[PDB]
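Visitor: The structure's right below; bear with me while I get my questions together.
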Amino acid sequence: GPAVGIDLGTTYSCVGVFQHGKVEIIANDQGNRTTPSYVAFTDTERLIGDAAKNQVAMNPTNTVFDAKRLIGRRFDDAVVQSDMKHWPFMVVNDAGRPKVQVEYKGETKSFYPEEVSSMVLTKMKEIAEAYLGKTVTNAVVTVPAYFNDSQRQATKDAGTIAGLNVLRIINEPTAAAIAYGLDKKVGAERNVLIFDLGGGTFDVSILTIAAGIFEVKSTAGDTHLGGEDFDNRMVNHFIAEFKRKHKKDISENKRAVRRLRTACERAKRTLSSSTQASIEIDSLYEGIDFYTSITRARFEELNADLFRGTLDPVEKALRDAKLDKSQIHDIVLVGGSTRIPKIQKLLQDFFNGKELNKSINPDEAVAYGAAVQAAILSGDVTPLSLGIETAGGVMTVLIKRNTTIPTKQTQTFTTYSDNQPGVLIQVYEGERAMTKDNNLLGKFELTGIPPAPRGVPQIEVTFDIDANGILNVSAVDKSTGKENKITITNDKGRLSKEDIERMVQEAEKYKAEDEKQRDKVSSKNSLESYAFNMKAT
Ligand code: NA
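Numbered according to full-length UniProt numbering, the sequence shown spans residues 4 to 382, 395 to 552.
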């Protein structure tokens, strides 16, 4: 049977299947295409999904949510320590691992974050099985791009516990791009910004896509910004309005606040499609009916700081990606909060009128991409950056990856040491800062450099790639015209698509460490006479 794509979200989860040439997002028992990531433990039963969320007020201690925040993390993590304070449920330390502790059937029980996530995955698997009419085993599960190897493995383990064979763990921004088919664009590399504003988290991701290959250039956002925050601003405003009108604070009554919050969430949805919404609550407090209205403009004023603040992570991501806003080719909206008209206007105005990709339901786009990838697994540009080793074993790129062929790139280099007799030209392929982490393709020596102080001799290195992809690397001593060259054959099938993806992924994993290595050397054009990788120490 077909594999399924699952968006394991912090607040809500979504499951989709690619069948008959089309992705179908699967509705649950109550007809909802999204299922709350909530598990509830009671004296009589365990509830997953809408049932768990509906009874949260009655059983807060035994209702678990935000397990994604704890997944793949140590208990001593500061995020876990700060996050634990907000949650009613208890978090405990077992062998350096956080666990949720709850009372189920009168017995204290402890579950690893992956175990709670496995229960949400079990419900999504059952939702898929009811729709398909067949057992579902294979799945593609999505995770935030910033997730580390531990967080990804823990998410895979949650699927394994649920009985799912997790074919691959893919980034949520990449899944959204796959849903819009940005990989199938016939032109040269494209820079894509994924603006993801969910119920509880805000994620901005910049990706570069060429030849079906995705690279995460930058990530930015707020882990604590979401639609619920917009609802809270409306609730606080209404509490103030009631207090001004009736001289009473409804904050004391928990149910009254819950009823107001429910009305505010409905009003916010109405405000996305209409310019005004009505709040009608009978007997909100002390028998006083609350009948009032809110304009879209008032809602925008209440959330003005939060809405404008979304641009700040966009600016940071662009700086980290070393890209100007003009260089973004595609913008994708993900998450329900992206429906808000003010958010769309602010992003479009920031991008100078650029159209936004919002045709796919923002709540379902990540699951849609996961479903497309699951089906693919179920059934001329340069592949890698090309460069030479500079002093310190550093990779200096002459031809960037995704460069159209044929191409010729020339750079000038100098000696690192005084009276250096020769330079060793070492050709490497890869996206890592250091040649040790890249692949050596060939080496040649240019000798007879006239004795001179360091930084004075000029050596022009040229990389020439023909249409067939054969690489010719040449070095000329500018003082004498003396030259040496190597021809590197293009071996067919040497590199698979997966091989390129692994090398790009490795660069994403070590980007912070790699940048520090780049900053270490004062000169970027200095060549030594030896191979740094073969040096002792
Ligand atoms: Na999401």
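Positions of the beta carbon are idealized from the N, C-alpha and C atoms, including for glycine.
#1: Can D69 be considered in contact with the ligand NA, in the sense that its beta carbon sits closer than 7 Å to one or more heavy atoms?
#2: Buried or exposed: where does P468 fall if 16 or more other Cβ atoms within 10 Å of its Cβ makes it buried?
#3: Look at the Cβ atom of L401, then the Cβ atom of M518, and state whether they are nearer than 8 Å.
#4: Can we count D225 as close to the ligand NA, meaning its CB is less than 7 Å from some heavy atom?
#5: Could you tell me the boundaries of the alpha helix (DSSP H) in which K348 lies?
#6: Following a CB-centred definition, is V369 positioned closer than 7 Å to any heavy atom of the ligand NA?
#7: Distance check for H249 and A243, CA to CA, integer angstroms please.
#8: If you count every other CB in all the chains shown that lies within 10 Å of the CB of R299, and 16 or more means buried, which is it?
#9: Check this for me: beta carbons of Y107 and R36, under 8 Å apart or not?
#10: Quick test of your reading: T341 and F198, contact by CB under 8 Å. State the CB separation rounded to the nearest angstrom.
#11: When a residue counts only if its C-beta is closer than 5 Å to some heavy atom of the ligand NA, which residues count, in chain order?
#12: Taking the alpha helix (DSSP H) that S276 belongs to, which residues open and close that run?
#13: Does the stretch 347-356 come close enough to the stretch 165-173 to have 3 or more Cβ pairs within less than 8 Å?
#14: Determine the extent of the alpha helix (DSSP H) in which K25 is found, giving its start and end residues.
#15: Using alpha carbons as the reference points, say which of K25, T226, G372 lies closest to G202.
#16: Could you give the DSSP three-state label for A448: helix, strand or coil?
#17: Might you give, ordered along the chain, the residues of its own chain that have their beta carbon closer than 6 Å to the beta carbon of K71, omitting 5 neighbours on each side?
#18: Can you tell me which of the three DSSP states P316 falls into?
#19: Among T430, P472, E475, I414, which one has its Cα closest to the Cα of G445?
#20: On the three-state DSSP scale, how would you describe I420?
#21: Could you spell out where the alpha helix (DSSP H) holding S85 opens and where it closes?
#22: To the nearest whole angstrom, what separates the beta carbons of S153 and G75, a pair I think is in contact under 8 Å?
#23: Across which residues does DSSP place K102 in a beta bridge pair?
#24: Pull up the distance between the alpha-carbon of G224 and that of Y545, whole angstroms please.
#25: As a quick exercise: from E475, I420, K423, pick the residue whose alpha carbon is nearest that of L439.
#26: On the DSSP letters alone, give me the boundaries of the alpha helix (DSSP H) that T14 sits inside.
#27: Helix, strand or coil: which one does DSSP assign to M61?
#28: Skipping 5 residues on each side, what residues in its chain have a beta carbon closer than 6 Å to that of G8?
#29: Exposed or buried, what is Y183 when buried is set at 16 or more other beta-carbons lying within 10 Å of its beta-carbon?
#30: Under the three-state reduction of DSSP, which class applies to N168: helix, strand or coil?
#31: Does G8 come out as helix, strand or coil in the three-state DSSP assignment?
#32: Is the stretch 228-238 in contact with the stretch 207-217, if contact means three or more CB pairs nearer than 8 Å?
#33: Closer than 6 Å by C-beta to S432: which residues in its own chain qualify, once you throw out the five before and the five after it? Chain order, please.
Guide: So, to answer that:
#1: Set against 7 Å, the gap from the CB of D69 to the closest heavy atom of the ligand NA is not smaller.
#2: Exposed: under 16 other Cβ atoms inside 10 Å.
#3: Not closer than 8 Å, so no.
#4: Because no heavy atom of the ligand NA lies under 7 Å away, the Cβ of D225 does not count as near it: no.
#5: That run of the alpha helix (DSSP H) goes 344-353.
#6: At least one heavy atom of the ligand NA lies less than 7 Å from the C-beta of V369.
#7: Between the C-alpha atoms of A243 and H249 there is a straight-line separation of about 10 Å.
#8: Classification of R299: buried, given that the 10 Å Cβ count is 16 or more.
#9: Against a cut-off of 8 Å, the Cβ pair of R36 and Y107 comes out as no contact.
#10: Yes, they are in contact, since the Cβ atoms of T341 and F198 sit about 6 Å apart, within 8 Å.
#11: Counting only heavy atoms of the ligand NA, the residues whose C-beta sits closer than 5 Å to one of them are, along the chain, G12, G201.
#12: Residue range 257-276 is occupied by the alpha helix (DSSP H) that includes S276.
#13: Taking 8 Å as the limit for Cβ pairs, the verdict is that the stretch 165-173 does not touch the stretch 347-356.
#14: Element bounds for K25: not the alpha helix (DSSP H) but the beta strand (DSSP E), 25-28.
#15: Among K25, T226, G372, the Cα nearest to that of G202 belongs to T226.
#16: Three-state result, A448: coil.
#17: Within the same chain, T13 come within 6 Å of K71 by CB-CB distance, once the 5 residues on both sides are set aside.
#18: Collapsing the DSSP output to three states places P316 in a helix.
#19: Ranking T430, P472, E475, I414 by Cα distance to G445 puts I414 first.
#20: DSSP places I420 in the coil class of the three-state scheme, outside both helix and strand.
#21: Counting along the chain, the unbroken alpha helix (DSSP H) around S85 starts and ends at 81-89.
#22: That pair is a contact at about 4 Å.
#23: In the DSSP output, where bridge partners are listed per residue, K102 has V95.
#24: Taking the straight line from one Cα to the other gives about 44 Å.
#25: Per the Cα distances, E475.
#26: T14 -> no alpha helix (DSSP H), and no H or E assigned at all.
#27: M61 sits in coil when the DSSP states are folded into three classes, being neither helix nor strand.
#28: The beta carbon of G8 lies closer than 6 Å to those of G19, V143, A370, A373, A374, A377 in the same chain, with the five residues before and after it left out.
#29: The C-beta of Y183 has 16 or more other C-beta atoms within 10 Å across all chains shown, which makes the residue buried.
#30: For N168, the three-state secondary structure derived from DSSP is strand.
#31: If DSSP states are grouped into helix, strand and coil, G8 belongs with the strands.
#32: Judged by Cβ distances under 8 Å, the stretch 228-238 makes no contact with the stretch 207-217, as fewer than three pairs qualify.
#33: Scanning its chain for C-beta atoms nearer than 6 Å, with the 5 sequence neighbours on each side dropped, one finds around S432 the residues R469, in chain order.
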